[PDB]
Amino acid sequence: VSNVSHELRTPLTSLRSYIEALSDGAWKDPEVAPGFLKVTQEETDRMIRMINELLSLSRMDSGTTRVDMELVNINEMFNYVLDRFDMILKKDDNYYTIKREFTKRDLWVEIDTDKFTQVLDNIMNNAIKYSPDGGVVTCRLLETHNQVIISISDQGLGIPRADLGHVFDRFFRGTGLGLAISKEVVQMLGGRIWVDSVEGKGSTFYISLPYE
Amino acid sequence: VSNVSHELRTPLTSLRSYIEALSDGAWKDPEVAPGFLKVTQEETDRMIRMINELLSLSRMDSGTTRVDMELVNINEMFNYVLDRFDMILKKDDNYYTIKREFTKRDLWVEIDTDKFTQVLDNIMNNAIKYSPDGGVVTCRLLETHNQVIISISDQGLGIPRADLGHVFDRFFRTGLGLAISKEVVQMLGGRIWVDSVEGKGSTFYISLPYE
């Protein structure tokens with residue numbers, strides 16, 4: 001599409017600029033060279049991600065993806081993920097807190113650990129990105145009906161109620177595929193994923209899993 | 001589809017390696033840094049081209065590509081392209097010759113100068129790259145029947161007659177230049193094809209409506 005290849009074109013040409021800058025001499029100058037190099041690094045990793053997600057949406061949707069399913073404890077799992085995010089957030093130069101509300105009963109669900117961790121990641125990420133003033137990101141885990149409900153909420157920028165359903169279609173606004181990922185994955189893990197937001201009260205992404 | 005994302009994945013991870021190398025300190029060292037940067041440069045430009053080709057087949061497949069058609073002199077045109085290639089080959093640190101045989105009647109055809117230039121380029125490229133022992137790349141331009149015939153030949157590695165037809169199918173060995181040229185020429189209302197004998201050589205033909 002004019003869309004995808006151009007959305008790949010952008011960081012490429014970006015990279016081209018920084019690289020050109022170094023090549024023409026910037027590499028010799030210590031005031032800019034590490035910095036420019038860092039930008040190049042980031043752009044590259046970004047593109048590898050975009051590529052990989054593109055690929056997973058090629059193999060998952062079209063649709064031959066071996067999904068490694070284990071009976072995992074989501075209490076621990078969610079705590080691991082949130083730990084990693086707390087670690088990235090505490091070494092920042094800006095500012096974010098993680099408000100955990102996990103039920104006191106240990107829950108076990110049939111999920112792919114790696115693919116679900118990539119889910120939780122993508123959603124936490126998109127949350128922090130739609131929360132410009134910072135503050136608290138709220139993460140809940142509790143059961144109902146034999147749904148295990150994970151919910152992740154930000155009190156940042158709202159989300160248009162006119163477009164609330166299409167957040168899960170490909171590239172709806174660090175890559176812009178994380179939602180497509182999580183939706184597809186969760187759907188495959190046999191759960192349901194959706195969003196509820198009031199502009200600009202805040203945003204909340206829901207995940208539901210078959211409990212037993 | 002996994003193919004495309006793998007052919008994009010490779011130079012990316014390449015880039016990652018070189019970039020990482022520099023970032024960890026290589027930039028401070030003058031013996032490797034210009035060189036590593038040259039690699040990064042090349043890989044990046046490469047990826048941009050691959051993107052563009054992908055995109056041109058995205059607009060061509062869906063036929064959403066306005067092809068800017070002019071009545072051009074292919075004699076001069078081919079001479080321009082071959083001039084550029086002669087400059088590229090003469091400013092090299094390695095070996096290649098351009099054998100021009102252009103008919104002495106000036107021919108004019110309805111073509112998109114730029115897209116046909118990318119054709120001639122892609123094919124000349126496939127010639128120079130597929131000529132491991134080096135030597136001469138042969139470029140002919142002559143009319144027949146009201147065909148304008150361009151032919152470009154290399155005396156390098158042959159091309160298997162068992163798979164000789166699929167050189168123009170998507171991603172047969174950036175790796176899309178052939179798909180480009182084929183599609184473009186078809187769109188310019190001409191015909192494109194290949195004839196090769198391993199390992200005598202390879203020869204790409206282009207035919208255009210002459211009048």
# chains A, B, ... in the order shown; residues from 1 in each chain; ligands from 1
$ residues_around --residues "residue 24 in chain A" --least-positions-apart "4" --cutoff "12 Å" --atoms "only C-alpha atoms" --output "number ranges by chain"
A: 16-20, 28-29, 33; B: 33-34, 37-38, 41
$ write_last_selection --atoms "N, CA, C and O atoms" --output "PDB file, in the first residue's frame"
ATOM      1  N   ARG A  16      18.817   7.960   6.520  1.00  0.00           N
ATOM      2  CA  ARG A  16      19.667   8.427   5.447  1.00  0.00           C
ATOM      3  C   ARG A  16      20.277   9.780   5.775  1.00  0.00           C
ATOM      4  O   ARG A  16      21.459  10.029   5.480  1.00  0.00           O
ATOM      5  N   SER A  17      19.463  10.663   6.355  1.00  0.00           N
ATOM      6  CA  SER A  17      19.940  11.991   6.722  1.00  0.00           C
ATOM      7  C   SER A  17      21.033  11.932   7.767  1.00  0.00           C
ATOM      8  O   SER A  17      22.108  12.498   7.575  1.00  0.00           O
ATOM      9  N   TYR A  18      20.766  11.226   8.859  1.00  0.00           N
ATOM     10  CA  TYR A  18      21.738  11.174   9.943  1.00  0.00           C
ATOM     11  C   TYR A  18      23.042  10.517   9.477  1.00  0.00           C
ATOM     12  O   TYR A  18      24.164  10.952   9.805  1.00  0.00           O
ATOM     13  N   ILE A  19      22.886   9.461   8.698  1.00  0.00           N
ATOM     14  CA  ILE A  19      24.038   8.724   8.251  1.00  0.00           C
ATOM     15  C   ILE A  19      24.868   9.645   7.390  1.00  0.00           C
ATOM     16  O   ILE A  19      26.076   9.764   7.587  1.00  0.00           O
ATOM     17  N   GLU A  20      24.206  10.317   6.452  1.00  0.00           N
ATOM     18  CA  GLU A  20      24.864  11.270   5.547  1.00  0.00           C
ATOM     19  C   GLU A  20      25.608  12.351   6.323  1.00  0.00           C
ATOM     20  O   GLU A  20      26.712  12.759   5.957  1.00  0.00           O
ATOM     21  N   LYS A  28      33.588  12.687  12.913  1.00  0.00           N
ATOM     22  CA  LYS A  28      34.802  13.243  13.486  1.00  0.00           C
ATOM     23  C   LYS A  28      34.497  14.147  14.693  1.00  0.00           C
ATOM     24  O   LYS A  28      35.361  14.326  15.549  1.00  0.00           O
ATOM     25  N   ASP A  29      33.281  14.700  14.775  1.00  0.00           N
ATOM     26  CA  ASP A  29      32.929  15.652  15.851  1.00  0.00           C
ATOM     27  C   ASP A  29      32.177  15.012  17.026  1.00  0.00           C
ATOM     28  O   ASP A  29      31.058  14.529  16.873  1.00  0.00           O
ATOM     29  N   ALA A  33      28.278  13.312  17.202  1.00  0.00           N
ATOM     30  CA  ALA A  33      28.357  11.977  16.633  1.00  0.00           C
ATOM     31  C   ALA A  33      27.695  10.888  17.490  1.00  0.00           C
ATOM     32  O   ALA A  33      26.912  10.091  16.976  1.00  0.00           O
TER      33      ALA A  33
ATOM     34  N   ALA B  33      35.778   3.665  11.128  1.00  0.00           N
ATOM     35  CA  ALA B  33      34.531   4.417  11.182  1.00  0.00           C
ATOM     36  C   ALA B  33      34.047   4.919   9.814  1.00  0.00           C
ATOM     37  O   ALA B  33      32.877   4.741   9.474  1.00  0.00           O
ATOM     38  N   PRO B  34      34.931   5.537   9.024  1.00  0.00           N
ATOM     39  CA  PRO B  34      34.431   5.908   7.698  1.00  0.00           C
ATOM     40  C   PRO B  34      33.859   4.714   6.939  1.00  0.00           C
ATOM     41  O   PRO B  34      32.798   4.850   6.298  1.00  0.00           O
ATOM     42  N   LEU B  37      30.618   3.385   8.151  1.00  0.00           N
ATOM     43  CA  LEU B  37      29.580   4.345   7.799  1.00  0.00           C
ATOM     44  C   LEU B  37      29.200   4.174   6.341  1.00  0.00           C
ATOM     45  O   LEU B  37      28.037   4.353   5.971  1.00  0.00           O
ATOM     46  N   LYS B  38      30.180   3.817   5.513  1.00  0.00           N
ATOM     47  CA  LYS B  38      29.918   3.614   4.091  1.00  0.00           C
ATOM     48  C   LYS B  38      28.992   2.419   3.924  1.00  0.00           C
ATOM     49  O   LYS B  38      28.068   2.434   3.108  1.00  0.00           O
ATOM     50  N   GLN B  41      25.501   3.558   4.931  1.00  0.00           N
ATOM     51  CA  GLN B  41      25.029   4.324   3.800  1.00  0.00           C
ATOM     52  C   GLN B  41      24.437   3.453   2.705  1.00  0.00           C
ATOM     53  O   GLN B  41      23.273   3.627   2.289  1.00  0.00           O
TER      54      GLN B  41
END
$ interface_residues --of "chain A" --to "chain B" --cutoff "7 Å" --atoms "only C-alpha atoms" --output "MDAnalysis selection string"
chainID A and resid 1:2 5 9 12 16 19 23 27 34 37 41 44 48 51 55 58
$ write_last_selection --atoms "N, CA, C and O atoms" --output "PDB file, in the first residue's frame"
ATOM      1  N   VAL A   1       0.841  -1.192   0.000  1.00  0.00           N
ATOM      2  CA  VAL A   1       0.000   0.000   0.000  1.00  0.00           C
ATOM      3  C   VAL A   1       0.882   1.250   0.000  1.00  0.00           C
ATOM      4  O   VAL A   1       2.037   1.199   0.430  1.00  0.00           O
ATOM      5  N   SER A   2       0.333   2.367  -0.477  1.00  0.00           N
ATOM      6  CA  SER A   2       1.021   3.651  -0.418  1.00  0.00           C
ATOM      7  C   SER A   2       1.299   3.948   1.037  1.00  0.00           C
ATOM      8  O   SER A   2       2.288   4.586   1.368  1.00  0.00           O
ATOM      9  N   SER A   5       4.447   1.134   2.761  1.00  0.00           N
ATOM     10  CA  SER A   5       5.779   1.341   2.201  1.00  0.00           C
ATOM     11  C   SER A   5       6.286   2.769   2.420  1.00  0.00           C
ATOM     12  O   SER A   5       7.490   3.027   2.357  1.00  0.00           O
ATOM     13  N   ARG A   9       9.256   4.007   4.482  1.00  0.00           N
ATOM     14  CA  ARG A   9      10.092   5.011   3.821  1.00  0.00           C
ATOM     15  C   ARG A   9      10.543   6.126   4.772  1.00  0.00           C
ATOM     16  O   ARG A   9      11.695   6.558   4.722  1.00  0.00           O
ATOM     17  N   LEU A  12      13.499   5.413   7.124  1.00  0.00           N
ATOM     18  CA  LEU A  12      14.597   5.099   6.235  1.00  0.00           C
ATOM     19  C   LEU A  12      15.308   6.362   5.798  1.00  0.00           C
ATOM     20  O   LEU A  12      16.535   6.441   5.829  1.00  0.00           O
ATOM     21  N   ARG A  16      18.817   7.960   6.520  1.00  0.00           N
ATOM     22  CA  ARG A  16      19.667   8.427   5.447  1.00  0.00           C
ATOM     23  C   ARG A  16      20.277   9.780   5.775  1.00  0.00           C
ATOM     24  O   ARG A  16      21.459  10.029   5.480  1.00  0.00           O
ATOM     25  N   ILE A  19      22.886   9.461   8.698  1.00  0.00           N
ATOM     26  CA  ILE A  19      24.038   8.724   8.251  1.00  0.00           C
ATOM     27  C   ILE A  19      24.868   9.645   7.390  1.00  0.00           C
ATOM     28  O   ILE A  19      26.076   9.764   7.587  1.00  0.00           O
ATOM     29  N   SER A  23      28.785  10.730   7.779  1.00  0.00           N
ATOM     30  CA  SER A  23      29.662  10.435   6.675  1.00  0.00           C
ATOM     31  C   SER A  23      30.377  11.678   6.153  1.00  0.00           C
ATOM     32  O   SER A  23      31.571  11.644   5.853  1.00  0.00           O
ATOM     33  N   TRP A  27      31.006  12.244  12.078  1.00  0.00           N
ATOM     34  CA  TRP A  27      31.658  11.202  12.858  1.00  0.00           C
ATOM     35  C   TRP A  27      32.940  11.699  13.525  1.00  0.00           C
ATOM     36  O   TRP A  27      33.323  11.201  14.590  1.00  0.00           O
ATOM     37  N   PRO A  34      27.994  10.844  18.790  1.00  0.00           N
ATOM     38  CA  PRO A  34      27.260   9.861  19.588  1.00  0.00           C
ATOM     39  C   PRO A  34      25.743  10.026  19.482  1.00  0.00           C
ATOM     40  O   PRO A  34      25.025   9.005  19.430  1.00  0.00           O
ATOM     41  N   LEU A  37      24.296   9.017  16.213  1.00  0.00           N
ATOM     42  CA  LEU A  37      24.407   7.571  16.106  1.00  0.00           C
ATOM     43  C   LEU A  37      23.270   6.939  16.882  1.00  0.00           C
ATOM     44  O   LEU A  37      22.702   5.926  16.457  1.00  0.00           O
ATOM     45  N   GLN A  41      20.454   4.303  15.549  1.00  0.00           N
ATOM     46  CA  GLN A  41      20.122   3.100  16.291  1.00  0.00           C
ATOM     47  C   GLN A  41      18.621   2.918  16.528  1.00  0.00           C
ATOM     48  O   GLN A  41      18.029   1.852  16.238  1.00  0.00           O
ATOM     49  N   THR A  44      16.547   2.308  13.461  1.00  0.00           N
ATOM     50  CA  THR A  44      16.748   0.961  12.922  1.00  0.00           C
ATOM     51  C   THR A  44      15.967  -0.086  13.698  1.00  0.00           C
ATOM     52  O   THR A  44      15.260  -0.915  13.107  1.00  0.00           O
ATOM     53  N   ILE A  48      12.965  -2.646  12.425  1.00  0.00           N
ATOM     54  CA  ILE A  48      12.986  -4.082  12.638  1.00  0.00           C
ATOM     55  C   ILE A  48      11.687  -4.520  13.307  1.00  0.00           C
ATOM     56  O   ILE A  48      11.098  -5.523  12.910  1.00  0.00           O
ATOM     57  N   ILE A  51       8.747  -4.280  10.803  1.00  0.00           N
ATOM     58  CA  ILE A  51       8.952  -5.464   9.965  1.00  0.00           C
ATOM     59  C   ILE A  51       8.409  -6.730  10.619  1.00  0.00           C
ATOM     60  O   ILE A  51       7.657  -7.478  10.000  1.00  0.00           O
ATOM     61  N   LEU A  55       5.234  -9.037   9.780  1.00  0.00           N
ATOM     62  CA  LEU A  55       5.473 -10.439   9.480  1.00  0.00           C
ATOM     63  C   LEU A  55       4.556 -11.325  10.303  1.00  0.00           C
ATOM     64  O   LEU A  55       4.037 -12.315   9.806  1.00  0.00           O
ATOM     65  N   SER A  58       1.346 -11.267   9.048  1.00  0.00           N
ATOM     66  CA  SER A  58       1.283 -12.058   7.827  1.00  0.00           C
ATOM     67  C   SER A  58       1.123 -13.541   8.112  1.00  0.00           C
ATOM     68  O   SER A  58       0.335 -14.217   7.471  1.00  0.00           O
TER      69      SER A  58
END
$ atom_distance --atom1 "CA of residue 151 in chain A" --atom2 "CA of residue 204 in chain A"
6.8 Å
$ residues_around --residues "residue 102 in chain A" --least-positions-apart "6" --cutoff "12 Å" --atoms "only C-alpha atoms" --output "PyMOL selection string"
chain A and resi 74-79+82+138-143+148-152
$ select_by_dssp --residues "range 52-109 of chain B" --states "strand (DSSP E or B)" --output "number ranges by chain"
B: 70-73, 96-102, 108-109
$ select_by_dssp --residues "range 146-200 of chain A" --states "helix (DSSP H, G or I)" --output "NGL selection string"
:A and (166-168 or 178-188)
$ write_last_selection --atoms "C-alpha atoms" --output "CSV table (one decimal), in the first residue's frame"
chain,number,residue,atom,x,y,z
A,166,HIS,CA,-11.3,1.3,14.6
A,167,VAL,CA,-8.3,1.5,17.0
A,168,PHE,CA,-7.8,-2.2,16.3
A,178,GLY,CA,0.8,-3.1,18.7
A,179,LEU,CA,-3.0,-3.0,18.8
A,180,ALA,CA,-3.3,-5.2,15.7
A,181,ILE,CA,-0.9,-7.5,17.5
A,182,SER,CA,-2.7,-7.7,20.8
A,183,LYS,CA,-6.2,-8.0,19.1
A,184,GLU,CA,-5.1,-10.9,16.9
A,185,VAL,CA,-3.1,-12.6,19.6
A,186,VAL,CA,-5.8,-12.4,22.3
A,187,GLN,CA,-8.4,-13.5,19.7
A,188,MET,CA,-6.1,-16.5,19.1
$ atom_distance --atom1 "CA of residue 191 in chain A" --atom2 "CA of residue 59 in chain A"
19.3 Å
$ residues_around --residues "residue 103 in chain B" --least-positions-apart "3" --cutoff "12 Å" --atoms "only C-alpha atoms" --output "list in words"
residues 74, 75, 76, 78, 100, 106, 107, 139, 140, 141, 142, 143, 144, 148, 149 and 150 of chain B
$ closest_residue --among "A:88, A:193, A:107, A:8" --to "residue 144 in chain A" --atoms "only C-alpha atoms"
A:107
$ decode --residues "range 95-204 of chain B" --atoms "C-alpha atoms" --output "PDB file, in the first residue's frame"
ATOM      1  CA  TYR B  95      36.981  -4.044 -16.461  1.00  0.00           C
ATOM      2  CA  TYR B  96      33.750  -3.382 -18.346  1.00  0.00           C
ATOM      3  CA  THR B  97      33.167  -2.208 -21.906  1.00  0.00           C
ATOM      4  CA  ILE B  98      30.072  -0.808 -23.597  1.00  0.00           C
ATOM      5  CA  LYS B  99      29.678  -2.075 -27.125  1.00  0.00           C
ATOM      6  CA  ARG B 100      27.189   0.265 -28.781  1.00  0.00           C
ATOM      7  CA  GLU B 101      25.556  -0.769 -32.033  1.00  0.00           C
ATOM      8  CA  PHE B 102      22.843   1.754 -32.752  1.00  0.00           C
ATOM      9  CA  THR B 103      21.118   1.868 -36.115  1.00  0.00           C
ATOM     10  CA  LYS B 104      21.860   5.014 -38.089  1.00  0.00           C
ATOM     11  CA  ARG B 105      18.223   6.054 -38.459  1.00  0.00           C
ATOM     12  CA  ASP B 106      17.006   8.184 -35.547  1.00  0.00           C
ATOM     13  CA  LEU B 107      14.020   6.419 -34.016  1.00  0.00           C
ATOM     14  CA  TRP B 108      11.230   8.030 -32.045  1.00  0.00           C
ATOM     15  CA  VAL B 109       8.865   6.117 -29.777  1.00  0.00           C
ATOM     16  CA  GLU B 110       6.085   6.853 -27.326  1.00  0.00           C
ATOM     17  CA  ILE B 111       7.783   6.128 -23.988  1.00  0.00           C
ATOM     18  CA  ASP B 112       7.972   7.428 -20.422  1.00  0.00           C
ATOM     19  CA  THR B 113      11.554   8.748 -20.434  1.00  0.00           C
ATOM     20  CA  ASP B 114      12.091   8.267 -16.711  1.00  0.00           C
ATOM     21  CA  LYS B 115      10.417   4.873 -16.276  1.00  0.00           C
ATOM     22  CA  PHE B 116      12.088   3.522 -19.446  1.00  0.00           C
ATOM     23  CA  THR B 117      15.348   4.933 -18.120  1.00  0.00           C
ATOM     24  CA  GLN B 118      14.814   2.861 -14.992  1.00  0.00           C
ATOM     25  CA  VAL B 119      14.213  -0.067 -17.337  1.00  0.00           C
ATOM     26  CA  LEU B 120      17.463   0.336 -19.252  1.00  0.00           C
ATOM     27  CA  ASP B 121      19.209   0.913 -15.960  1.00  0.00           C
ATOM     28  CA  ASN B 122      17.845  -2.203 -14.280  1.00  0.00           C
ATOM     29  CA  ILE B 123      18.791  -4.372 -17.249  1.00  0.00           C
ATOM     30  CA  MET B 124      22.280  -2.893 -17.707  1.00  0.00           C
ATOM     31  CA  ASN B 125      22.688  -3.540 -13.998  1.00  0.00           C
ATOM     32  CA  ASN B 126      21.670  -7.167 -14.274  1.00  0.00           C
ATOM     33  CA  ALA B 127      24.225  -7.391 -17.076  1.00  0.00           C
ATOM     34  CA  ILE B 128      27.209  -5.868 -15.209  1.00  0.00           C
ATOM     35  CA  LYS B 129      26.389  -7.861 -12.074  1.00  0.00           C
ATOM     36  CA  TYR B 130      26.009 -11.122 -13.977  1.00  0.00           C
ATOM     37  CA  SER B 131      29.390 -10.806 -15.706  1.00  0.00           C
ATOM     38  CA  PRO B 132      31.854 -12.345 -13.195  1.00  0.00           C
ATOM     39  CA  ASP B 133      34.762 -12.690 -15.618  1.00  0.00           C
ATOM     40  CA  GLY B 134      33.959  -9.180 -16.786  1.00  0.00           C
ATOM     41  CA  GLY B 135      34.489  -8.089 -20.369  1.00  0.00           C
ATOM     42  CA  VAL B 136      31.970  -6.523 -22.704  1.00  0.00           C
ATOM     43  CA  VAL B 137      28.305  -5.665 -22.252  1.00  0.00           C
ATOM     44  CA  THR B 138      26.684  -5.411 -25.663  1.00  0.00           C
ATOM     45  CA  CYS B 139      24.018  -2.865 -26.422  1.00  0.00           C
ATOM     46  CA  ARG B 140      22.142  -2.935 -29.715  1.00  0.00           C
ATOM     47  CA  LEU B 141      19.394  -0.687 -31.041  1.00  0.00           C
ATOM     48  CA  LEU B 142      17.785  -1.398 -34.467  1.00  0.00           C
ATOM     49  CA  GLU B 143      14.286  -1.611 -36.164  1.00  0.00           C
ATOM     50  CA  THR B 144      12.283  -4.532 -37.667  1.00  0.00           C
ATOM     51  CA  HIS B 145       8.581  -4.726 -38.801  1.00  0.00           C
ATOM     52  CA  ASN B 146       7.937  -1.512 -36.923  1.00  0.00           C
ATOM     53  CA  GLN B 147       9.573  -2.943 -33.842  1.00  0.00           C
ATOM     54  CA  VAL B 148      12.266  -0.856 -32.216  1.00  0.00           C
ATOM     55  CA  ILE B 149      14.561  -3.471 -30.779  1.00  0.00           C
ATOM     56  CA  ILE B 150      16.891  -2.857 -27.892  1.00  0.00           C
ATOM     57  CA  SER B 151      19.069  -5.772 -26.834  1.00  0.00           C
ATOM     58  CA  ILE B 152      21.462  -5.911 -23.930  1.00  0.00           C
ATOM     59  CA  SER B 153      23.860  -8.852 -23.554  1.00  0.00           C
ATOM     60  CA  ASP B 154      26.447 -10.217 -21.102  1.00  0.00           C
ATOM     61  CA  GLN B 155      28.964 -13.006 -21.697  1.00  0.00           C
ATOM     62  CA  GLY B 156      28.869 -13.949 -18.028  1.00  0.00           C
ATOM     63  CA  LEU B 157      27.093 -16.740 -16.154  1.00  0.00           C
ATOM     64  CA  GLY B 158      24.368 -18.360 -18.223  1.00  0.00           C
ATOM     65  CA  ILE B 159      20.733 -18.729 -17.212  1.00  0.00           C
ATOM     66  CA  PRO B 160      19.113 -22.180 -16.729  1.00  0.00           C
ATOM     67  CA  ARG B 161      16.623 -23.033 -19.482  1.00  0.00           C
ATOM     68  CA  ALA B 162      14.720 -25.077 -16.909  1.00  0.00           C
ATOM     69  CA  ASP B 163      13.762 -21.872 -15.041  1.00  0.00           C
ATOM     70  CA  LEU B 164      14.335 -19.390 -17.884  1.00  0.00           C
ATOM     71  CA  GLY B 165      10.776 -18.024 -17.863  1.00  0.00           C
ATOM     72  CA  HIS B 166      10.462 -17.078 -14.206  1.00  0.00           C
ATOM     73  CA  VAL B 167      13.187 -14.402 -14.175  1.00  0.00           C
ATOM     74  CA  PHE B 168      10.313 -11.914 -14.444  1.00  0.00           C
ATOM     75  CA  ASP B 169       8.128 -13.401 -11.708  1.00  0.00           C
ATOM     76  CA  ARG B 170       8.227 -11.547  -8.405  1.00  0.00           C
ATOM     77  CA  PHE B 171      11.551 -11.709  -6.553  1.00  0.00           C
ATOM     78  CA  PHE B 172      13.553 -13.957  -8.826  1.00  0.00           C
ATOM     79  CA  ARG B 173      17.307 -13.418  -8.503  1.00  0.00           C
ATOM     80  CA  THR B 174      17.256  -5.621  -4.151  1.00  0.00           C
ATOM     81  CA  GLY B 175      15.726  -8.038  -6.674  1.00  0.00           C
ATOM     82  CA  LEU B 176      12.737  -6.359  -8.344  1.00  0.00           C
ATOM     83  CA  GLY B 177      14.346  -4.482 -11.222  1.00  0.00           C
ATOM     84  CA  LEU B 178      13.182  -7.121 -13.671  1.00  0.00           C
ATOM     85  CA  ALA B 179       9.605  -6.985 -12.404  1.00  0.00           C
ATOM     86  CA  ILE B 180       9.824  -3.212 -12.772  1.00  0.00           C
ATOM     87  CA  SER B 181      11.139  -3.205 -16.305  1.00  0.00           C
ATOM     88  CA  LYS B 182       8.725  -5.900 -17.442  1.00  0.00           C
ATOM     89  CA  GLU B 183       5.716  -4.116 -16.041  1.00  0.00           C
ATOM     90  CA  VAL B 184       6.889  -0.720 -17.371  1.00  0.00           C
ATOM     91  CA  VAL B 185       7.567  -1.975 -20.882  1.00  0.00           C
ATOM     92  CA  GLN B 186       4.246  -3.801 -20.963  1.00  0.00           C
ATOM     93  CA  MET B 187       2.752  -0.476 -19.889  1.00  0.00           C
ATOM     94  CA  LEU B 188       4.750   1.427 -22.495  1.00  0.00           C
ATOM     95  CA  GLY B 189       2.947  -0.984 -24.802  1.00  0.00           C
ATOM     96  CA  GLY B 190       6.028  -2.946 -25.757  1.00  0.00           C
ATOM     97  CA  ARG B 191       7.321  -6.461 -25.009  1.00  0.00           C
ATOM     98  CA  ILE B 192      10.246  -7.693 -22.907  1.00  0.00           C
ATOM     99  CA  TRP B 193      11.952 -11.124 -22.797  1.00  0.00           C
ATOM    100  CA  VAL B 194      15.148 -13.098 -22.218  1.00  0.00           C
ATOM    101  CA  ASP B 195      17.301 -15.548 -24.164  1.00  0.00           C
ATOM    102  CA  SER B 196      20.303 -17.208 -22.551  1.00  0.00           C
ATOM    103  CA  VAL B 197      22.613 -20.203 -22.887  1.00  0.00           C
ATOM    104  CA  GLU B 198      24.654 -21.379 -19.918  1.00  0.00           C
ATOM    105  CA  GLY B 199      27.249 -20.507 -19.959  1.00  0.00           C
ATOM    106  CA  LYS B 200      27.655 -18.737 -23.276  1.00  0.00           C
ATOM    107  CA  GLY B 201      25.758 -15.760 -21.948  1.00  0.00           C
ATOM    108  CA  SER B 202      22.541 -13.859 -21.367  1.00  0.00           C
ATOM    109  CA  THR B 203      20.568 -11.436 -23.570  1.00  0.00           C
ATOM    110  CA  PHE B 204      17.584  -9.297 -22.634  1.00  0.00           C
TER     111      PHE B 204
END
